[PDB]
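upload33.cif, holding mmCIF, C-alpha atoms:
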data_model
loop_
_atom_site.label_atom_id
_atom_site.label_comp_id
_atom_site.auth_asym_id
_atom_site.auth_seq_id
_atom_site.Cartn_x
_atom_site.Cartn_y
_atom_site.Cartn_z
CA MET A 1 47.08 -21.42 47.34
CA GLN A 2 50.46 -19.82 48.02
CA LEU A 3 50.93 -16.17 48.92
CA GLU A 4 53.02 -14.21 46.39
CA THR A 5 52.89 -10.43 46.19
CA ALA A 6 53.91 -10.60 42.53
CA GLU A 7 50.52 -12.19 41.85
CA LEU A 8 48.53 -9.94 44.20
CA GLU A 9 49.83 -6.87 42.39
CA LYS A 10 48.94 -8.35 39.00
CA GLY A 11 45.44 -9.23 40.17
CA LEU A 12 44.85 -5.75 41.57
CA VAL A 13 46.13 -4.22 38.34
CA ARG A 14 43.79 -6.37 36.25
CA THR A 15 40.83 -5.56 38.51
CA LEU A 16 41.41 -1.80 38.51
CA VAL A 17 41.35 -1.66 34.71
CA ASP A 18 37.67 -2.61 34.84
CA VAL A 19 36.76 -0.93 38.13
CA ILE A 20 38.16 2.58 37.53
CA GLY A 21 39.45 2.38 33.96
CA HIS A 22 36.92 4.89 32.61
CA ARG A 23 38.51 7.87 34.39
CA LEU A 24 42.12 7.23 33.31
CA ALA A 25 44.14 7.99 30.21
CA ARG A 26 44.75 5.32 27.58
CA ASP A 27 47.90 4.23 25.77
CA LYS A 28 48.52 3.37 22.12
CA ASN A 29 46.82 -0.03 22.58
CA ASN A 30 43.69 1.61 24.08
CA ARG A 31 44.44 0.08 27.49
CA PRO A 32 43.96 2.27 30.59
CA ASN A 33 47.22 3.35 32.22
CA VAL A 34 47.66 1.18 35.31
CA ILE A 35 51.14 -0.10 36.11
CA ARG A 36 53.29 -1.61 38.85
CA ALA A 37 55.75 0.62 40.67
CA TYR A 38 59.42 0.73 39.68
CA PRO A 39 58.83 -0.70 36.18
CA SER A 40 61.77 -2.55 34.68
CA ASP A 41 62.58 -5.44 32.36
CA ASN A 42 65.58 -7.60 31.45
CA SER A 43 67.29 -6.58 34.69
CA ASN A 44 68.29 -3.11 33.49
CA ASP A 45 65.59 -1.67 31.21
CA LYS A 46 63.46 1.06 32.78
CA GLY A 47 59.90 1.99 31.88
CA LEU A 48 58.78 5.47 30.92
CA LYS A 49 56.26 7.60 32.78
CA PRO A 50 52.83 7.08 31.14
CA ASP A 51 50.45 9.84 30.13
CA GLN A 52 48.39 11.25 32.98
CA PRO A 53 46.14 10.45 34.70
CA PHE A 54 47.43 6.98 35.67
CA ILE A 55 47.68 4.65 38.67
CA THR A 56 50.61 2.92 40.39
CA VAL A 57 50.41 -0.22 42.53
CA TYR A 58 53.15 -1.01 45.07
CA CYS A 59 53.12 -3.68 47.77
CA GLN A 60 54.71 -2.42 50.99
CA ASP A 61 55.35 -5.51 53.13
CA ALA A 62 53.75 -8.57 54.72
CA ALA A 63 53.26 -9.47 58.38
CA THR A 64 51.71 -12.22 60.52
CA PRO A 65 49.92 -10.49 63.42
CA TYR A 66 47.63 -13.53 63.80
CA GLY A 67 49.87 -15.95 65.65
CA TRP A 68 52.51 -17.92 63.77
CA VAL A 69 50.71 -21.03 62.47
CA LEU A 70 46.97 -21.30 61.87
CA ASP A 71 46.49 -24.97 60.92
CA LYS A 72 48.52 -28.15 60.61
CA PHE A 73 46.86 -31.04 58.79
CA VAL A 74 47.42 -33.97 56.43
CA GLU A 75 46.11 -33.64 52.87
CA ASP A 76 47.35 -36.73 51.06
CA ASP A 77 50.35 -38.39 52.72
CA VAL A 78 52.22 -35.07 52.49
CA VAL A 79 51.98 -32.87 55.58
CA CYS A 80 50.64 -29.33 55.18
CA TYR A 81 50.74 -25.98 56.98
CA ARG A 82 48.46 -22.94 56.80
CA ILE A 83 49.54 -19.42 57.76
CA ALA A 84 47.60 -16.15 57.94
CA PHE A 85 49.13 -13.05 56.34
CA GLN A 86 48.38 -9.34 56.06
CA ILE A 87 49.52 -7.24 53.10
CA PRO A 88 49.22 -3.42 52.97
CA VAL A 89 49.20 -2.06 49.41
CA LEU A 90 49.68 1.50 48.16
CA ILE A 91 47.74 2.92 45.21
CA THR A 92 48.48 6.41 43.89
CA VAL A 93 46.85 8.57 41.21
CA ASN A 94 48.99 11.10 39.34
CA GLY A 95 47.60 13.95 37.26
CA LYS A 96 44.86 16.56 37.62
CA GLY A 97 41.82 15.68 39.68
CA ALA A 98 43.67 12.85 41.42
CA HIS A 99 41.61 13.39 44.57
CA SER A 100 38.37 13.32 42.57
CA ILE A 101 39.36 9.91 41.16
CA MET A 102 40.62 8.44 44.42
CA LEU A 103 37.33 9.37 46.09
CA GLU A 104 35.33 7.38 43.54
CA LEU A 105 37.79 4.49 43.78
CA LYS A 106 37.23 4.46 47.54
CA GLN A 107 33.46 4.52 47.11
CA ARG A 108 33.62 1.45 44.83
CA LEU A 109 35.92 -0.80 46.86
CA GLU A 110 33.28 -0.75 49.62
CA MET A 111 30.49 -2.15 47.43
CA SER A 112 29.28 -5.73 47.76
CA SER A 113 30.42 -6.14 44.17
CA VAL A 114 34.04 -5.37 43.28
CA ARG A 115 35.03 -7.04 46.54
CA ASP A 116 33.91 -10.30 44.90
CA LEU A 117 35.96 -9.63 41.76
CA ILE A 118 39.04 -8.90 43.87
CA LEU A 119 38.63 -12.26 45.61
CA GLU A 120 38.01 -13.95 42.26
CA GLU A 121 41.31 -12.67 40.85
CA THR A 122 43.71 -12.41 43.80
CA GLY A 123 41.89 -14.68 46.25
CA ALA A 124 42.18 -12.12 49.05
CA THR A 125 39.75 -10.08 51.14
CA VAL A 126 39.81 -6.32 51.72
CA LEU A 127 40.25 -5.60 55.43
CA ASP A 128 40.70 -1.82 55.71
CA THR A 129 41.08 1.37 53.69
CA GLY A 130 42.90 4.43 55.01
CA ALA A 131 42.40 8.13 54.44
CA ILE A 132 43.36 10.03 51.29
CA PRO A 133 45.66 13.08 51.51
CA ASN A 134 45.87 15.76 48.80
CA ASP A 135 49.56 16.14 47.97
CA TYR A 136 51.43 18.58 45.72
CA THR A 137 55.03 18.04 44.61
CA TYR A 138 56.91 20.70 42.68
CA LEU A 139 58.86 18.55 40.18
CA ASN A 140 60.09 21.22 37.72
CA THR A 141 58.06 24.10 36.29
CA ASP A 142 54.63 23.03 37.59
CA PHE A 143 53.30 21.16 40.60
CA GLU A 144 51.79 17.69 40.21
CA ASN A 145 48.65 16.72 42.11
CA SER A 146 48.74 13.25 43.67
CA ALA A 147 46.50 11.21 45.96
CA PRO A 148 47.84 8.06 47.67
CA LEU A 149 45.72 5.46 49.43
CA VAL A 150 46.42 2.32 51.46
CA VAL A 151 44.34 -0.85 51.06
CA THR A 152 45.14 -3.75 53.38
CA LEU A 153 44.45 -7.33 52.29
CA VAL A 154 44.26 -10.69 54.07
CA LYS A 155 45.16 -14.07 52.61
CA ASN A 156 45.91 -17.63 53.74
CA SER A 157 48.89 -19.51 52.31
CA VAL A 158 49.52 -23.26 52.31
CA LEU A 159 52.83 -25.10 51.92
CA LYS A 160 53.84 -28.75 51.65
CA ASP A 161 56.37 -30.34 54.01
CA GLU A 162 58.04 -32.97 51.84
CA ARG A 163 60.16 -34.13 54.79
CA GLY A 164 57.19 -35.22 56.89
CA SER A 165 55.79 -38.66 57.54
CA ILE A 166 52.80 -40.26 59.25
CA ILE A 167 52.51 -42.96 61.91
CA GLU A 168 50.57 -46.04 60.78
CA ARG A 169 51.71 -48.64 63.33
CA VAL A 170 52.11 -48.51 67.11
CA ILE A 171 53.84 -51.01 69.42
CA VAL A 172 53.08 -50.78 73.15
CA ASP A 173 54.46 -52.58 76.20
CA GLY A 174 53.31 -52.46 79.81
CA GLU A 175 53.69 -53.98 83.24
CA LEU A 176 51.77 -54.30 86.50
CA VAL A 177 53.23 -54.32 90.01
CA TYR A 178 51.89 -54.47 93.55
CA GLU A 179 54.69 -52.18 94.76
CA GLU A 180 56.84 -49.61 93.00
CA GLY A 181 60.02 -51.09 91.55
CA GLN A 182 58.94 -54.73 91.79
CA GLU A 183 61.74 -56.11 89.64
CA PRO A 184 59.83 -59.16 88.33
CA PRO A 185 56.53 -57.67 87.13
CA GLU A 186 53.28 -59.38 88.05
CA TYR A 187 52.00 -59.19 84.48
CA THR A 188 53.12 -57.90 81.10
CA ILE A 189 50.83 -56.71 78.30
CA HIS A 190 52.14 -56.47 74.74
CA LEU A 191 50.02 -54.89 72.03
CA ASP A 192 50.40 -54.06 68.34
CA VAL A 193 47.98 -52.00 66.25
CA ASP A 194 48.10 -51.53 62.49
CA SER A 195 46.23 -48.92 60.47
CA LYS A 196 44.71 -51.55 58.17
CA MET B 1 88.28 15.36 12.80
CA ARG B 2 91.16 13.08 13.76
CA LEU B 3 90.99 13.58 17.53
CA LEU B 4 87.19 13.22 17.57
CA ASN B 5 87.55 9.74 16.02
CA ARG B 6 90.40 8.26 18.07
CA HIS B 7 88.24 5.48 19.55
CA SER B 8 85.92 2.94 17.92
CA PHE B 9 83.08 1.40 19.92
CA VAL B 10 79.80 -0.48 19.45
CA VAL B 11 76.38 1.04 20.16
CA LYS B 12 73.17 -0.92 20.79
CA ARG B 13 70.16 1.14 19.72
CA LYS B 14 66.65 -0.20 20.26
CA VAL B 15 65.46 0.79 16.79
CA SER B 16 61.82 -0.01 17.50
CA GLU B 17 60.06 2.34 19.93
CA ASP B 18 57.07 0.09 20.65
CA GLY B 19 57.64 -0.53 24.35
CA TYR B 20 54.39 -0.87 26.27
CA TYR B 21 52.81 -1.98 29.54
CA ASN B 22 51.40 -5.51 29.74
CA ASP B 23 47.83 -6.38 30.70
CA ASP B 24 49.35 -7.21 34.10
CA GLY B 25 51.15 -3.86 34.46
CA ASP B 26 54.73 -5.04 33.92
CA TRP B 27 57.08 -3.14 31.63
CA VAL B 28 58.08 -4.68 28.29
CA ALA B 29 61.09 -3.11 26.59
CA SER B 30 61.14 -2.43 22.87
CA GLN B 31 61.84 -5.65 21.01
CA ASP B 32 64.02 -4.90 17.96
CA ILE B 33 67.58 -4.32 19.15
CA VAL B 34 70.18 -3.40 16.53
CA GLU B 35 73.96 -3.12 16.77
CA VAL B 36 75.93 -0.31 15.11
CA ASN B 37 79.54 0.83 14.78
CA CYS B 38 80.47 4.37 15.84
CA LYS B 39 83.57 6.47 16.42
CA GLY B 40 84.26 9.08 19.06
CA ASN B 41 86.49 9.91 22.01
CA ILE B 42 86.18 8.73 25.63
CA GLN B 43 87.78 10.41 28.64
CA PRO B 44 87.25 10.31 32.41
CA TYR B 45 84.75 12.83 33.79
CA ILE B 46 86.33 14.98 36.52
CA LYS B 47 83.73 17.05 38.35
CA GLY B 48 82.51 17.29 41.93
CA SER B 49 81.77 13.96 43.60
CA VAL B 50 81.88 12.01 40.33
CA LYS B 51 83.35 8.53 40.82
CA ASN B 52 85.67 7.09 38.17
CA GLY B 53 86.60 3.47 38.79
CA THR B 54 85.99 4.03 42.49
CA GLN B 55 85.86 0.97 44.72
CA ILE B 56 82.91 1.11 47.13
CA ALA B 57 82.88 -0.84 50.39
CA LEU B 58 79.51 -2.13 51.57
CA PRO B 59 78.25 -4.66 54.12
CA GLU B 60 77.24 -6.84 51.16
CA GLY B 61 80.72 -6.82 49.61
CA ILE B 62 82.47 -4.60 47.06
CA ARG B 63 81.18 -2.64 44.06
CA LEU B 64 82.83 -0.70 41.23
CA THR B 65 81.30 2.47 39.79
CA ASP B 66 82.60 4.28 36.72
CA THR B 67 81.46 7.12 34.48
CA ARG B 68 82.93 8.85 31.44
CA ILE B 69 82.37 11.69 28.96
CA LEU B 70 82.08 10.99 25.24
CA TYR B 71 82.67 13.39 22.34
CA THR B 72 81.26 12.30 19.00
CA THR B 73 79.42 13.50 15.90
CA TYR B 74 76.86 10.67 16.12
CA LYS B 75 73.46 11.60 17.54
CA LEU B 76 72.82 9.25 20.44
CA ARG B 77 69.61 9.70 22.43
CA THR B 78 68.68 9.22 26.07
CA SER B 79 65.29 8.18 27.49
CA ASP B 80 62.39 10.52 26.75
CA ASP B 81 58.87 10.07 28.12
CA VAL B 82 57.24 12.57 25.72
CA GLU B 83 58.81 11.07 22.59
CA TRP B 84 58.45 7.58 24.12
CA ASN B 85 61.87 6.12 23.34
CA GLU B 86 64.58 4.47 25.42
CA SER B 87 68.25 5.32 25.81
CA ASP B 88 71.19 3.86 23.90
CA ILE B 89 73.99 1.62 25.17
CA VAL B 90 77.74 1.99 24.59
CA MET B 91 80.12 -0.96 24.93
CA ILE B 92 83.37 0.00 26.67
CA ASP B 93 85.84 -2.69 27.77
CA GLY B 94 83.11 -5.28 27.19
CA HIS B 95 80.69 -3.72 29.70
CA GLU B 96 77.54 -1.69 29.12
CA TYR B 97 77.42 2.09 29.56
CA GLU B 98 73.98 3.73 29.56
CA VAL B 99 73.67 7.26 28.17
CA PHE B 100 72.30 9.48 30.94
CA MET B 101 73.03 13.06 29.83
CA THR B 102 73.34 14.94 26.55
CA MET B 103 74.55 18.38 25.48
CA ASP B 104 73.56 19.69 22.04
CA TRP B 105 76.37 21.70 20.45
CA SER B 106 75.31 20.81 16.89
CA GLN B 107 74.49 23.44 14.27
CA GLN B 108 76.75 25.88 16.12
CA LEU B 109 79.76 26.06 13.79
CA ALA B 110 80.88 24.39 10.58
CA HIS B 111 83.88 22.25 11.52
CA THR B 112 83.36 21.95 15.30
CA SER B 113 79.73 20.88 15.73
CA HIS B 114 79.50 17.79 17.93
CA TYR B 115 77.74 16.24 20.93
CA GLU B 116 78.71 15.47 24.53
CA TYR B 117 77.32 12.61 26.62
CA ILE B 118 77.81 11.34 30.17
CA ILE B 119 77.70 7.54 30.24
CA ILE B 120 77.43 5.55 33.48
CA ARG B 121 78.48 1.92 33.87
CA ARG B 122 75.41 -0.28 34.32
CA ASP B 123 75.12 -2.03 37.68
CA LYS B 124 75.16 -5.80 38.00
CA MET B 125 71.79 -7.50 38.50
CA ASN B 126 70.00 -10.70 37.53
CA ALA B 127 67.70 -10.89 34.52
CA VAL B 128 63.93 -11.37 34.39
CA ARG B 129 61.50 -11.26 31.46
CA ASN B 130 57.82 -10.30 31.35
CA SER B 131 57.16 -10.47 27.59
CA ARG B 132 53.51 -11.03 26.68
#

If you took the structure in this file and wrote it as structure tokens, what would it be?
Amino acid sequence: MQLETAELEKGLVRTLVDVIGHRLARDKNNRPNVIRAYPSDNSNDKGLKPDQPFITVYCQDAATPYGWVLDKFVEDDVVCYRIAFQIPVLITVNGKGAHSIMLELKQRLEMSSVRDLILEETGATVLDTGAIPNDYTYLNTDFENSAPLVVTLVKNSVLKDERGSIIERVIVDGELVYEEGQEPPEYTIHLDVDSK
Amino acid sequence: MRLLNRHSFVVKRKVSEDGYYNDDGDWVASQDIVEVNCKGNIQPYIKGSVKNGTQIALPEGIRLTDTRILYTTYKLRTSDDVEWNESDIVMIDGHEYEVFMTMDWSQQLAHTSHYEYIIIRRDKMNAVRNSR
């Protein structure tokens, strides 16, 4: 499995539709309003703001606090590497009662279930979950209630080194001497070992 | 009138307004795009820090930003989240100009009712599709 935030966001979006979809608004296709941040298509088209309440998913960054390389192994003749990653994600609810919805979303991510569905879709484990503020932003006319939350994930990624190769034959030479630097060696041992 | 129709340009209106969000959350623009022929008048927009054909120096290289004002009797529309429709596009010099602002002077007087729009040159970026 390779690590790609584009897939983690999609998996989280698909999971949230079932986990917390009953509290959200629904579009013309009856689907709950969960979307990825900064919507756009065809390199210039821009999405419209859905009907409230809705959810936004945005991946912040990715780091490797756990060393630099976790494993190096051979799976088939191609060499492989494994690396441990950490990915903080930001989920926000916009509308009225955003805090009341974020609280229930928090209380469900900690269940034994749900954490299995997340791993089934994204193949990642939930590591931490931060606090929830209760924000108000003026916009125009009326304030909008919002409630962000940060959910950190952990995943292992594997890549293939197509430039690598393996050793399958070894040739060894040796000598024996009574004294250091004895120019004609007392004995010479030549060895050759094949994998087969 | 004659001065309101000095220029002829092409407008791309997304006739369908069926844009939606995929099961994965990505945005999918409305599908049916239609070309039209319109007539108006285009002039540079001189106000404040507006940038007409201004070269911009950046660590990444050089950019070019432009913006204009358009007088016409045709009713072009910008993006609207309540009505759930996207903005129109105006082709000037072979490049795209997205309608960002509108000013409704229609139904004011008989012979001088019209519209005003501020159109900004679209920035250069690579294309990606999410269609379901």

(message) Assuming the chain letters and numbering stay as they are in my file, what does the PyMOL selection byres ((chain A) within 10 of (chain B)) actually select? List them as a PyMOL selection string.
(response) chain A and resi 7+9-15+17+27-29+31-51+56-57

(request) Just give me the gap between atom CA of residue 69 of chain B and atom CA of residue 10 of chain B in Å, one decimal is fine. (result)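 Calculated distance between atom CA of residue 69 of chain B and atom CA of residue 10 of chain B is 15.7 Å.
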
(message) When you count only C-alpha atoms, which of these residues is closest to residue 94 of chain B: B:38, B:31, B:9, B:107?
(response) B:9

(request) Given the file shown, enumerate the residues that the PyMOL selection byres ((chain B and resi 58-63) around 12) captures and present them as JSON, numbers by chain. (result) {"B": [51, 53, 54, 55, 56, 57, 64, 65, 66, 121, 122, 123, 124, 125]}

With the file shown as input, list the residues that the PyMOL selection byres ((chain B and resi 101) around 10) selects, as a CSV table (one decimal) with C-alpha atoms, keeping the file's coordinate frame.
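Generated file (result15.csv):
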chain,number,residue,atom,x,y,z
B,69,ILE,CA,82.4,11.7,29.0
B,77,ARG,CA,69.6,9.7,22.4
B,78,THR,CA,68.7,9.2,26.1
B,79,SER,CA,65.3,8.2,27.5
B,87,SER,CA,68.2,5.3,25.8
B,98,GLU,CA,74.0,3.7,29.6
B,99,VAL,CA,73.7,7.3,28.2
B,100,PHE,CA,72.3,9.5,30.9
B,102,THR,CA,73.3,14.9,26.6
B,103,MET,CA,74.6,18.4,25.5
B,116,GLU,CA,78.7,15.5,24.5
B,117,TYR,CA,77.3,12.6,26.6
B,118,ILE,CA,77.8,11.3,30.2
B,119,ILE,CA,77.7,7.5,30.2
B,120,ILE,CA,77.4,5.6,33.5

(request) Determine, counting all atoms listed in the file, which protein, DNA and RNA residues have an atom within 12 Å of an atom of residue 133 of chain A; residues of the same chain fewer than 5 positions away are not included. Present the result as a ChimeraX atom specification. (result) /A:92-93,98-100,102-103,145-150

Fewer than 2 positions away in the same chain doesn't count, so skip those; otherwise give me all residues within 6 Å of residue 114 of chain B, counting all atoms listed in the file, as a compact mmCIF listing (two decimals) with C-alpha atoms, keeping the file's coordinate frame.
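Written file, result_15.txt:
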# COMPACT_ATOMS: atom_id res chain seq x y z
CA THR B 72 81.26 12.30 19.00
CA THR B 73 79.42 13.50 15.90
CA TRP B 105 76.37 21.70 20.45
CA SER B 106 75.31 20.81 16.89

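If you look at atom CA of residue 61 of chain A and atom CA of residue 119 of chain A, they are 19.5 Å away from each other.
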
(request) Figure out the distance between atom CA of residue 78 of chain A and atom CA of residue 169 of chain A, please, to one decimal in Å. (result) 17.4 Å

Please write as a PDB file with C-alpha atoms, in the frame of the given file the list of polymer residues whose atoms come within 9 Å of (52.0, -45.1, 64.0), counting all atoms listed in the file and keeping to the coordinates of the file.
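File produced: point_1.pdb:
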ATOM      1  CA  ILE A 166      52.800 -40.260  59.250  1.00  0.00           C
ATOM      2  CA  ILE A 167      52.510 -42.960  61.910  1.00  0.00           C
ATOM      3  CA  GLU A 168      50.570 -46.040  60.780  1.00  0.00           C
ATOM      4  CA  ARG A 169      51.710 -48.640  63.330  1.00  0.00           C
ATOM      5  CA  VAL A 170      52.110 -48.510  67.110  1.00  0.00           C
ATOM      6  CA  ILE A 171      53.840 -51.010  69.420  1.00  0.00           C
ATOM      7  CA  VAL A 193      47.980 -52.000  66.250  1.00  0.00           C
ATOM      8  CA  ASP A 194      48.100 -51.530  62.490  1.00  0.00           C
ATOM      9  CA  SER A 195      46.230 -48.920  60.470  1.00  0.00           C
TER      10      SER A 195
END

Please put the answer as AutoDock Vina command-line options: centre and edge lengths, in Å with one decimal, of a box along x, y and z that encloses all listed atoms of segment 137-148 of chain A plus 6 Å on each side.
--center_x 53.3 --center_y 16.1 --center_z 42.0 --size_x 25.6 --size_y 28.0 --size_z 23.4

(message) Taking all atoms listed in the file into account, name the residue in B:4, B:110, B:76, B:11 that is nearest to residue 41 of chain B.
(response)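 Between B:4, B:110, B:76, B:11, the residue approaching residue 41 of chain B most closely is B:4.
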
(message) Just want the 10 Å neighbourhood of segment 184-186 of chain A, counted on all atoms listed in the file, with same-chain residues fewer than 6 positions away dropped. Output as a list in words.
(response)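 Skipping anything fewer than 6 positions along the chain leaves residues 174, 175, 176, 177 and 178 of chain A.
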